[PDB]
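The structure under discussion appears below in the form of C-alpha cells.
Protein chains in written order, with PDB author numbering: chain K, 154 to 287, 290 to 379, 393 to 469; chain A, 154 to 287, 290 to 379, 393 to 469; chain L, 796 to 1011; chain B, 850 to 957.
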C-alpha cells in the first residue's frame, strides 16, 4: 500500500552502458527526474509485472551493480558495418515500443546483455525491429522485456531450456523438426542464472521471502510529501553516521531511530527482499526473470 | 441532545507551561471567548467520547485541580536530542494532529502530564509525530488522547495492567516475551486511579448516577439572547444566597424561585452526576479514563 | 484477473483465478504478522494429441448405398434410407417401402475416433455434466479439445487444490475416455447384432441378416 | 469436513532416468507431472461407498477424529456446527465474514 514506486534501492542508476546520454536527469533515480527508461515501467497497461514487483532492482541497475554482464559489443550499432551479432535475437522478438525513442535494450542468449543503437536523428517504429527517420526524441532506451533485476549470486549453468515439443524457440536451436512446425508469437517464461544461457521455463512458482537487508527499506526526506534522501546516511545500532534517521519496527529494528530528531522516515518496502524460483522441483534464485514474445516453433505433427 | 458544551463543572483552565498565550480568553472557559486546547474536543468524527460525556473534567482541568501532577520538565523540547523524558513512550504513539499546531500533550506512564513543543517558529505534521516548518500557530496545545478526569479519592495504587494475553502494551513491560509478538496498532482503554500508573483494560462498563450537585445547574440571565451567570449565588433553602434565581421544578425543588423578582434562569443540566466504570468486575471511580492508539504485543506461538 | 496475473497474457482457455491464505511472520517471508495471501491461476491443458466425439443414436435408419448409373455413362454413388432423397444427373430418387427397423437405442452412447475404430458404451447418453460421471469436460469442436477453447462447458469447482505453504498441487479426477474406448471397443456382442464402422461415409452402422425387401 | 468417496491413492516414488528421484501419488484415475512426462492409473477395483453419514475433524499438530453423524450444512441452535467461518483467522481472530444464526446470544 506504500506509494514508493519511485524510490530505488542500492544506488539508483538507469541509463545503461552504451547510451550514456540521459545521465544528467537519472542520477540518482528518485522521485524527481523524467527518465525515459523508467516512466513507461509504471504506466498502467504496459509492464504490470514490474508494477507488482517494483521495490527491487531492474536490468540496468543489475548491470551497474555487476550482476548482469554485457555482450561484445554491448550496444551494436545499426548504421555501421554490414553484419552485427545483435540482430538475429532482435528480429525474432515482437514488441510494441512508443514513438520518440532512439535505443531499445533487451536480453541476449549468452546470459549477458546486448542492445541496439541508432545514430541521430533516428527513431523507432510501432514494433522497434527497425529504426527509421524522423515531441522531442528521448535520449534513452525502451525496455523490450517485462523483467526485474535482483541481488543474487546463485549458480546454475548446468540447466538448459525446459520446453517439450518445441523445435527452435527464439534463437536457441534445440531439437530438429520432421513435420509441421508453428511460428505464432506466444509468450514464454524464462529465467537466466549466473553465468548461464537463456534458460526458458514451463512452470513458475513465485513467492515472497522478505529479509532484513539494507536494500529493502525506502524513505523520503522531511522538510518544511516525497523527497530524495540517501539511505546510506542512517546510523547503525550504536554505531556512527553523518545525519539522522528514524522509522518503524522494521527500520528501527536494524538501524537507529531518533523519532522527530531526524530528517527522513525509513519504511519497509512491501515485498522487497529475496524472491526465489522453483524450477525442476528445486528451489533456486534467479537474476532477471521475466517474459518475452519470440518465435516459438512447436511440433504439431 | 448534547449538553452545555461551554459550561465546565470545576476549574476551567486550559493552558500548559511554555505556551501560556491563550490565558486572556481561556481563563476560565465560558460561552464568551475561544481556546484551541478545547475546541478540538468537540469536532465531529474524532473525539466522540467527550461529546457523549461533556459534564466532566478533561486533562488540563484535572491537572489544574490539584489531582494530576506534572512531569519534569512539563514542556519537552523537540530539539534537545539525547536527553528527554518523552521518547520511548512517544515512539509507540500513532495519532493525528491537525495543521497550524506547535505543542502536543498526552498521558505518560507515571500518571502525569508530559507535554512536548517545538521552538518558534515551527509547526507539527499531519500525524502529529514529526515537526515541519511553515499559517499562524495556535495559542494552545492539541490533546493526542480522548480521556476525561473526575474527582475521587478511591484506593488503588498497587494495581497495574490487567490485560490477559498481552506481553507489552504501549510502553509498560508486563510479562517477558521472546517469540513472535504482534505488531498491530489497536486502541486499548486506559485508566488512572489515585496515585497510580497507566492501567490498561480489555473491557469496561459504563453507567450514570445523577445527583443534585450545585455544578449541575446552569444560569441564564434575563435582559430582554442568554448570557451566563454565577449559579453559586442562588438562594439556598436554609443556607445562603443574595441574588435571587428562578427556573422549573428541578431548580425550585432545592433553591428558591421568584421569576420576575429574580436575576437568572436555572435548569437541570441533564447528563451530569457521578460516573463510575466497572474495572475487573468491580465498579471503580478513576481519575482519567479514555482511549489511545498504542502498540499492542500479544503472544503468538 | 487483476494485476496479480495480468502479465501472463490472454488466452482462450478454460481457466480460473482462485485465492487462498497461508501464514505470515518471519518464518516464511513477510514484515506483517497477518497471514499472507495465495493467488492461484490454474488453466486446463490437454496433454494428449487426439480427440473424441461422443454422440448417440435415437433410431437406426436402414441405409441402402445405391450406385446409380446414368444414361450417358456418368456413374454416381449415393445412398437411401427409410424415406430419404438425393440428387442425380437425371433427376432424383427416393425410398418407398422400408419394413426393417430396430428400436431401443437411446440407452447406448457411441464414441468416434478419427483414424482408429469405434466403440460402444452400455449406458444412456450424458446430457448434464457432473463430477464422477462420464462426460464432464465437454466442448463443441476439435479445437476445443486439442487447443482447449474457453467456449467449452464444464462444471464449476472442478479443480481441487492442496496448498503446502510454498507448494501447489492442482489436480482433478477426470475420467479417461480411452479406458472405456479400449474396454468397449467394437465389435461387441450386443443382443443379436454386430456393431462396427462404416465404409465410404463416416458413421456407425450395423450388420443384420435376411434379404432385401424394399421399393425404389 | 467430510468425505463423499474414498479414493484408493497409491503413493508412487517414480525414479527418472538421469537420477532425479521424485515422489508422487495416483488414485482411481488421477494424473501428475514428472520430468519424463506424466503418469495415470488404469485399473482400480478397490473402493468403499457409504461415507456421507460421517464427518471428519482436522487438528493441526495433533491427531484426527471421527463423528458418527452426517455432515452439518445449515447451522441452528443445539447442534454441532453452529458458529462457522471460512479460514483460520475467522476462528482465531473471529472474523465478521463468518456465518452464524441470528439471536444466538442470550441476555440476562
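We treat Cβ as the ideally placed atom computed from N, Cα and C, and that holds for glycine.
Boundaries of the beta strand (DSSP E) in which residue i is found, first to last residue
i: residue 436(A); result: 432 to 436
i: residue 464(A); result: 464 to 468
i: residue 978(L); result: Here residue 978(L) belongs to no beta strand (DSSP E); instead the alpha helix (DSSP H) covers 972 to 978.
i: residue 815(L); result: 810 to 816
i: residue 267(A); result: 266 to 270
i: residue 258(A); result: 256 to 260
i: residue 340(K); result: 340 to 345
i: residue 279(A); result: First-last for residue 279(A): undefined, no H or E at that position.
i: residue 850(L); result: 848 to 851
i: residue 363(K); result: Neither: residue 363(K) is in no beta strand (DSSP E) and is coded neither H nor E.
Neighbouring residues, chain L, relative to residue i (Cβ below 9 Å)
i: residue 960(B); result: In the structure displayed, chain B extends from 850 to 957; residue 960(B) sits before or after that span and is not available.
i: residue 468(A); result: 820 and 828
i: residue 880(B); result: 842, 966, 967, 969 and 971
Limits of the alpha helix (DSSP H) - the one that residue i falls within
i: residue 832(L); result: Note, residue 832(L): premise wrong, no alpha helix (DSSP H); beta strand (DSSP E) at 832 to 838.
i: residue 940(L); result: 938 to 941
i: residue 420(A); result: 417 to 422
i: residue 905(B); result: Here residue 905(B) belongs to no alpha helix (DSSP H); instead the beta strand (DSSP E) covers 904 to 906.
Backbone secondary structure at residue i - three-state DSSP
i: residue 446(K); result: strand
i: residue 194(K); result: coil
i: residue 1001(L); result: strand
i: residue 894(L); result: coil
i: residue 242(A); result: helix
i: residue 298(A); result: strand
i: residue 429(A); result: helix
i: residue 214(A); result: helix
i: residue 335(K); result: coil
i: residue 221(A); result: coil
i: residue 303(A); result: strand
i: residue 962(L); result: strand
i: residue 203(K); result: helix
i: residue 310(K); result: strand
i: residue 867(B); result: coil
i: residue 915(B); result: strand
i: residue 399(K); result: helix
i: residue 189(K); result: helix
i: residue 370(A); result: helix
i: residue 375(A); result: strand
i: residue 284(A); result: strand
i: residue 860(B); result: strand
Among the options, the one whose alpha carbon lies nearest that of residue i
i: residue 452(A); options: 361(A), 274(A), 379(A) and 418(A); result: 361(A)
i: residue 335(A); options: 815(L), 817(L) and 822(L); result: 822(L)
i: residue 955(B); options: 934(B), 933(B), 926(B) and 946(B); result: 926(B)
i: residue 860(B); options: 916(B), 953(B) and 876(B); result: 876(B)
i: residue 904(L); options: 896(L), 892(L), 917(L) and 912(L); result: 917(L)
i: residue 294(K); options: 187(K), 324(K) and 325(K); result: 187(K)
i: residue 376(K); options: 184(K), 208(K) and 170(K); result: 184(K)
i: residue 168(A); options: 211(A), 156(A) and 203(A); result: 211(A)
i: residue 239(A); options: 461(K), 356(K), 242(K) and 426(K); result: 426(K)
i: residue 263(A); options: 327(A), 284(A) and 291(A); result: 327(A)
Chain B residues whose Cβ lies nearer than 7 Å to that of residue i
i: residue 974(L); result: 891
Chain-ordered chain L contacts of residue i [CB-CB under 8 Å]
i: residue 877(B); result: 968
Neighbour list for residue i in chain A, Cβ cutoff strictly below 7 Å
i: residue 427(K); result: 240, 243 and 244
Residue i: contacting residues in chain K (beta-carbon distance under 7 Å)
i: residue 282(A); result: 428
Partners in chain K for residue i, counting only beta-carbon separations shorter than 9 Å
i: residue 285(A); result: 377, 378, 379 and 393
Residue i: contacting residues in chain L (beta-carbon distance under 7 Å)
i: residue 887(B); result: 842
Listed by chain order, chain K residues near residue i by CB distance under 8 Å
i: residue 910(L); result: Within 8 Å Cβ-Cβ: nothing; residue 910(L) doesn't reach chain K, min ~13 Å.
i: residue 799(L); result: 205
Within chain A, partners of residue i - CB distance below 9 Å
i: residue 417(K); result: 338 and 463
Mind listing which residues of the region 322 to 353 of chain A have their C-beta closer than 9 Å to chain L's C-betas, in chain order?
335, 336, 337, 338 and 339
At a Cβ cut of 9 Å, what residues of the region 814 to 841 of chain L count as close to chain A, listed as they run along the chain?
820, 821, 822, 826, 827, 828 and 829
For the region 955 to 972 of chain L, list every residue whose C-beta sits within 7 Å of some C-beta in chain B, in sequence order.
966, 968, 970 and 971
Can you pull out the residues from the region 935 to 947 of chain L whose beta carbon lies closer than 8 Å to at least one beta carbon of chain K?
none
Would you list, in chain order, the members of the region 208 to 234 of chain A that have their beta-carbon closer than 7 Å to a beta-carbon of chain K?
231 and 234
Quick one: which residues of the region 241 to 275 of chain K get their C-beta closer than 7 Å to a C-beta of chain L? List them in chain order.
none
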